[PDB]
Amino acid sequence: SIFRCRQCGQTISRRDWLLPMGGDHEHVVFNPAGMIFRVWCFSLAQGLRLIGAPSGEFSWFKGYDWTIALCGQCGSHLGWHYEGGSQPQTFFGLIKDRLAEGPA
Ligand SMILES: O=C1C[C@H](NC(=O)c2c(Cl)cc(Cl)cc2Cl)C(=O)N1
Ligand SMILES: [Zn+2]
């Protein structure tokens, strides 16, 4: 029902807020360092700290620029916030295995 940061327990998001971007909330992707991420898309999230300036470089989602999303509490890299696109303008792509699911 809710998703917390796996490292410290910070409240991050909810199952109800999963978003099927391109028909699926799950997207498996790699960055230029070859790191594989299983990214779940969410319409909304909280408890994050978004860092740096948005960048389109290597964006996995056409038309969106990303900013890195850290856990606001412990600093763990939890994913990205996506903006500058259309339908929707913004969303979060969070790394599934950095989250823990549990009761509200
Ligand atoms: O949509 C995205 C987000 C994802 N970005 C990254 O992994 C990334 C890059 Cl490329 C550079 C730095 Cl300095 C830090 C990070 Cl976290 C990517 O490659 N495509
Ligand atoms: Zn945390």
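Read-outs throughout are calculated quantities, based only on the coordinates presented, and are distinct from any laboratory measurement. Heads up, the Cβs are rebuilt from the backbone with ideal geometry, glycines too, and the neighbour counts pull from every protein chain shown.
Mind checking which pairs have a first residue in the range 68-91 that is touching a residue at least 40 places away in the same chain (Cβ under 8 Å) and more than 12 Å from ligand 2 (Cβ to nearest atom) and a second that is in a loop (DSSP other than H, G, I, E, B) and of a type in the set (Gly, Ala, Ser), Cβ under 7 Å, 6 or more apart or different chains?
Hits for this filter: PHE91/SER43.
Across the range 1-52, what is the total count of residues that are of a type in the set (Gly, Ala, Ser), over 22 Å from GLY72 (Cβ atoms) and in contact with a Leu (Cβ under 9 Å, 6 or more places away or on another chain)? Break it down into steps so the answer makes sense when it comes.
Just the residues of the range 1-52 that are of a type in the set (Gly, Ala, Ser), to begin with: 1, 9, 13, 22-23, 33-34, 43, 45, 47, 52.
Add one more test, that the residue is over 22 Å from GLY72 (Cβ atoms), and what stays is 22-23, 33-34.
Filter again for in contact with a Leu (Cβ under 9 Å, 6 or more places away or on another chain), leaving none.
Of the residues in that region, 0 qualify.
Are there strands (runs of 3 or more DSSP E) fully within the range 1-55 with at least 1 residues that are of a type in the set (S, T, N, Q)? List them.
On the way: elements: 2-5, 11-14, 26-30, 36-42, 48-55.
The strands (runs of 3 or more DSSP E) meeting that bar are 11-14, 48-55.
List pairs: first residue in the range 25-44 and on the phi < 0 side of the Ramachandran plot, second residue exposed (fewer than 15 other Cβ atoms within 10 Å of the Cβ) and among the aromatic types (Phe, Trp, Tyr) anywhere in the structure, Cβ distance under 9 angstrom, at least six positions apart or on different chains.
Partner pairs satisfying both residue conditions: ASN31/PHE58; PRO32/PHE58; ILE36/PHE30; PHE37/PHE30.
Restricting to the range 45-67, and then to whatever is within 18 Å of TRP17 (Cα to Cα) and buried (at least 16 other Cβ atoms within 10 Å of the Cβ), can you tell me which residue is farthest from ligand 2 (Cβ to nearest atom)?
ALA45
Using beta carbons and a limit of 6 Å, which pairs, at least six apart or on different chains, have the first residue in the range 1-24 and without any contact (Cβ under 8 Å) to a residue 40 or more places away in the chain and closer than 14 Å to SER43 by Cα and the second one near ligand 2 (Cβ under 8 Å from one of its atoms) and outside any strand (DSSP E or B)?
Going by the 6 Å Cβ cut-off, there are no qualifying pairs.
Could you please find all residues in the range 28-70 being over 14 Å from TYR82 (Cα atoms) and either in contact with a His (Cβ under 7 Å, 6 or more places away or on another chain) or not polar (S, T, N, Q) (or both)?
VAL28, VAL29, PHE30, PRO32, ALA33, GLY34, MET35, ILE36, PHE37, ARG38, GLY47
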